[PDB]
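S.K.: Structure of the sequence below:
(one chain, ligands or ions: 2)
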Amino acid sequence: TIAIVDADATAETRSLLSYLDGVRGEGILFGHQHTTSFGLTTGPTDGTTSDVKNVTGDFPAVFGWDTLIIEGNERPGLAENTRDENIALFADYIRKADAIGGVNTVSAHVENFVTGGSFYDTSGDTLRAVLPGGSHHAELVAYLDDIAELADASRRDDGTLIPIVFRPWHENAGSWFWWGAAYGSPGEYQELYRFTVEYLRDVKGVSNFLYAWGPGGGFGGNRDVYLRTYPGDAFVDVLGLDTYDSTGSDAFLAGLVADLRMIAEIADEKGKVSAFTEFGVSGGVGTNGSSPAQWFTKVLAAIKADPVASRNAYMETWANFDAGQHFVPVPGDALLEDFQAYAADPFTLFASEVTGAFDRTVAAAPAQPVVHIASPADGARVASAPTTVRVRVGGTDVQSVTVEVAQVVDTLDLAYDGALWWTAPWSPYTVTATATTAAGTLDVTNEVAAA
Ligand SMILES: OC[C@H]1O[C@@H](O[C@H]2[C@H](O)[C@H](O)[C@H](O[C@H]3[C@H](O)[C@H](O)[C@H](O)O[C@@H]3CO)O[C@@H]2CO)[C@@H](O)[C@@H](O)[C@@H]1O
Ligand SMILES: C[As](C)(=O)[O-]
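M.R.: Numbering: from 1, shown residues only. Ligands and ions are numbered 1, 2, ... in the order given. Take a look at the structure below.
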């Protein structure tokens, strides 16, 4: 019995969460983004060749992907293709990866619905326009639906659902993405993540997803800051950390070891998994990147040297798009030899070293009851116009749900919308939801503001 966000996950899925946690401290799986769809020594990709495979002799233990594929921006996705065809290619690649014997992970550099721009376009107030009751909520819904398609298409020839570690809205601590810190409060972010998990799990029925959350990096091991964004235990399976450096300095390494041992502790206390979700030399290790001396081994040495910092399930460096930008060395790059040294290290696990990750027999503890106010989210500013207060109570049968706007200015009696939320009209500081549930009385409080 293990704690998994989706209490109804498939056998293999639960098996993976079980594997990923047991592996911590024993060996770290090396992952590579677009490892068989983007290469420099492979030639035209097709989902079977990989630069890692060509320089190290084995595929990474983890294959990384991104929703950009569906968008048609990252192969095998193609601009021409309809999203429905790209989804088919993505699933095919996910199949070949699993066939190779690897573990699949997926990130989402979601397009800026509001402006038509990319994830790097941080204008349009897209974060808030996408949240429950948002002016572009439907767009996000539509996007998540395509993600549900992908979840379902990811099956073995026997029809068995391939487990996928979903890592949505990453690095929100920074502001280089429209869903970052400068565009929403910790609370607004949380509702964004939570609605994501609930829509896919509860509304779409996905059952082969382990949800991952990684705010960023460079926390100096500060639990407080790190967690400020945490969606909460009933929404996260994997606690991540994203950190790139290009100095190999001891200072860098010290900080990295601090963040790694932190997430590891939080993970242990919470009975969840922790991993180095993203890592690598800044700007890559190619033409436009940098070749810090023995960077790869210096980092491994740093990770192993610490008993706690090493209790992280995997570490994935980024894509090998081209010469200027690629994170895994190829003939000609200075770090090529060091990266091989790192691969040959007994502590780094690769595809062929992965065994007993899906055939395990584990039970998912019962989903824990939870209740949050989807709107208005915590730390959000409320408009004078009438708005709908929506509460979500999960993991138990709800008899009733009440809300109290204090400052007590109002008292609302909510009603289930038959699909996800308990709602009610509110024509405007403290919104407190109380739900009389089968698991007892659950209450929650969001704090907002008028204009
Ligand atoms: O423009 C045509 C060119 O597009 C390439 O694919 C792009 C992606 O569409 C996307 O822009 C991606 O963004 C990267 C970003 O550059 C950086 O690496 C960041 O760390 O991660 C994001 C996404 O993971 O960059 C790639 C390539 O740079 C590809 O389809 C080319 O074949 C095509 O000609
Ligand atoms: C490589 As990135 C933009 O996901 O940190």
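
S.K.: outside of the lengthiest helix in the chain, which residues touch it?
M.R.: Ranked by residue count under DSSP state H, the longest helix found in the chain is helix 250-270. Outside of helix 250-270, the residues that reach it under the criterion CB atoms under 8 Å, 6 or more residues apart in numbering are 3, 24, 217-223, 226-227, 233, 239-241, 243, 245, 273-276, 298-299, 302-303, 305-306, 308-312. For the C-beta atoms, the positions are set from N, CA and C on the backbone; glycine is no exception.

S.K.: Quick check: ChimeraX command selecting the buried ones in these.
M.R.: Under the burial definition 16 or more other CB atoms under 10 Å, those of these that qualify are selected in ChimeraX by:
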select :3,24,217,218,219,221,226,239,240,241,243,245,273,274,275,276,298,299,302,303,308,309,310,311,312
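
S.K.: where exactly do the helices run in this protein?
M.R.: 11-23, 51-56, 68-71, 83-100, 126-130, 137-153, 186-198, 223-227, 250-270, 295-304, 336-344.

S.K.: Enumerate the residues of the stretch 101-250 of the chain near ligand 2.
M.R.: Residues of the stretch 101-250 of the chain found near ligand 2, taking CB under 6 Å from any ligand atom as the criterion, are 107, 171, 242.

S.K.: Could you give me the buried positions within the longest helix of the chain?
M.R.: By neighbour count with 16+ other CB under 10 Å, helix 250-270 contains the buried residues 252-253, 255-264, 267.

S.K.: Export only the CA atoms of it, formatted as PDB.
M.R.: Output for helix 250-270, consisting of C-alpha atoms alone and laid out as PDB, is shown next (Å, rounded to 0.1, in the frame of the first residue of the first chain):
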ATOM      1  CA  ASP A 250      31.700  24.400  -5.200                       C
ATOM      2  CA  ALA A 251      29.100  27.100  -4.300                       C
ATOM      3  CA  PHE A 252      26.800  25.800  -7.000                       C
ATOM      4  CA  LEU A 253      27.300  22.200  -5.900                       C
ATOM      5  CA  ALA A 254      26.700  23.000  -2.200                       C
ATOM      6  CA  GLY A 255      23.500  24.700  -3.100                       C
ATOM      7  CA  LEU A 256      22.500  21.800  -5.300                       C
ATOM      8  CA  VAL A 257      23.200  19.300  -2.600                       C
ATOM      9  CA  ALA A 258      21.100  21.400  -0.200                       C
ATOM     10  CA  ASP A 259      18.100  21.500  -2.500                       C
ATOM     11  CA  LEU A 260      18.400  17.800  -3.300                       C
ATOM     12  CA  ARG A 261      18.600  16.700   0.300                       C
ATOM     13  CA  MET A 262      15.600  19.000   1.100                       C
ATOM     14  CA  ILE A 263      13.200  17.600  -1.500                       C
ATOM     15  CA  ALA A 264      14.400  14.100  -0.400                       C
ATOM     16  CA  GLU A 265      13.400  14.800   3.300                       C
ATOM     17  CA  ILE A 266      10.000  16.300   2.400                       C
ATOM     18  CA  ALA A 267       9.400  13.300   0.200                       C
ATOM     19  CA  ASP A 268      10.200  10.900   3.000                       C
ATOM     20  CA  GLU A 269       8.000  12.700   5.500                       C
ATOM     21  CA  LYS A 270       5.200  12.800   3.000                       C
END
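
S.K.: All set, thanks.
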